[PDB]
Amino acid sequence: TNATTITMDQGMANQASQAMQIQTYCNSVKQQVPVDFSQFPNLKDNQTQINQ
Amino acid sequence: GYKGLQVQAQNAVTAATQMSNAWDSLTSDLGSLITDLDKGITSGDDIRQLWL
Amino acid sequence: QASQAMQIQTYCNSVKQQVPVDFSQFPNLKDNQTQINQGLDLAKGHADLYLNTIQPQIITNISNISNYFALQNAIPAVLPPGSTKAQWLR
Amino acid sequence: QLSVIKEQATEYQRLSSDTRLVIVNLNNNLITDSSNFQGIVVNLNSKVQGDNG
Amino acid sequence: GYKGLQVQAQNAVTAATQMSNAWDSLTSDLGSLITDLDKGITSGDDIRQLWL
């Protein structure tokens, strides 16, 4: 019925707009840059931790 | 970045949950329609008009 | 240029995407943090309610109204061809 | 005639799906390039920040 | 120079992502067609017509 149709509609729309937001964030996260503390021996461990 | 991705994922859960519930309403509502037809509360003549 | 619902929809999607803040490195902002995060949490609540309960409800109620009066787009002011006055009143 | 179309559609579905993998690879290449570039800018900026001190 | 290239690349990611999504719809839609045909080939007289 009429209300169920609209719930399907709205459900789809909310899921697709939401999807674009997380899609963007994921493309954005994949573009991030590692750290390089190679000039600081005391931070060698923090580097491999951060980059992992 | 991680905190943000976490939020995007949480929002995605909500969205997916809403989608499941939307489908559940459709299934349940089709069930009601099957019952109503079987019991003789409605006929394919007036159900046809609903759908059209 | 955007519909009223599109504007609220945008605001809702926008608020839901925010991340709560952590000013633990700034003792001077401890209060701003609990204020922001409480405010945010509540706002997301409101947003969700709009997106999956209110907006659909509005669209539904209007569809129902829209359909009924689409069919009954007029009122018979005279007695329509071939009807008892009794049937017309019903 | 229906079975031949179904077979045909299945072939195209596979091709569509394959195209999508090619595109995934494209996306990763672009994402890598975009990232390497962001990195370049960042490392230059830090050298200039230093030289300005 | 690299800031500019970075932007061009970021725009290219978006474009490629849009391409992905477009192909995903095609694949899924072909899947629906395959299902509808298969269920129409192995079904009753009026059920066959529904699926087709």
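The first chain written gets the first letter, and so on, giving A, B, C, D and E; residue counts start at 1 in each chain.
Definition applied: a contact is a pair of C-beta atoms (placed from the backbone, for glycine too) under 8 Å apart; a residue touches a chain by one contact, two chains touch by 3 or more.
Asks: Please state, in steps, how far chain E lies from chain A along the shortest route of touching chains.
Replies: 1
Asks: Could you give the separation in Å between the centres of chain A and chain B, each centre being the mean of its C-alpha atoms?
Replies: Roughly 28 Å, centre to centre.
Asks: Between chain A and chain D, what's the gap in Å when you average each chain's C-alpha atoms?
Replies: 16
Asks: Averaging over Cα atoms per chain, report the distance between chain B and chain C in Å.
Replies: Comparing mean C-alpha positions, chain C is 19 Å from chain B.
Asks: I'd like the Å distance between the centres of chain C and chain D, where a centre is the mean of that chain's Cα atoms.
Replies: Their C-alpha centroids are separated by 38 Å.
Asks: Quick one: which residues in chain C touch 2 or more of the other chains?
Replies: If we look for residues of chain C contacting two or more partner chains, we find 17, 52.
Asks: If each chain is a node and each touching pair an edge, is that a line, ring, star, complete or other?
Replies: It is other, because the touches fit no line, ring, star or complete pattern.
Asks: Considering the complex alone, what residue numbers of chain B touch chain A?
Replies: Touching chain A from chain B are residues 1, 4-5, 8-9, 11-12, 14-16, 18-19, 21-23, 25-26, 29, 50.
Asks: Give every residue of chain B touching chain C within the complex, in rising order.
Replies: Touch residues, chain B against chain C: 3-4, 7-8, 11, 14, 18.
Asks: Over in the complex, which chain A residues touch chain B? Could you list them?
Replies: 1, 4, 7-8, 10-12, 14-15, 18-19, 21-22, 25-26, 28-29, 32
Asks: If we count contacts the way the header does, which residues on chain A are in touch with chain E in the complex?
Replies: Those residues of chain A that touch chain E are 23, 27, 31.
Asks: Under the definition above, what is the set of chain D residues touching chain A in their complex?
Replies: 27-28, 31, 34-35, 38-39, 42
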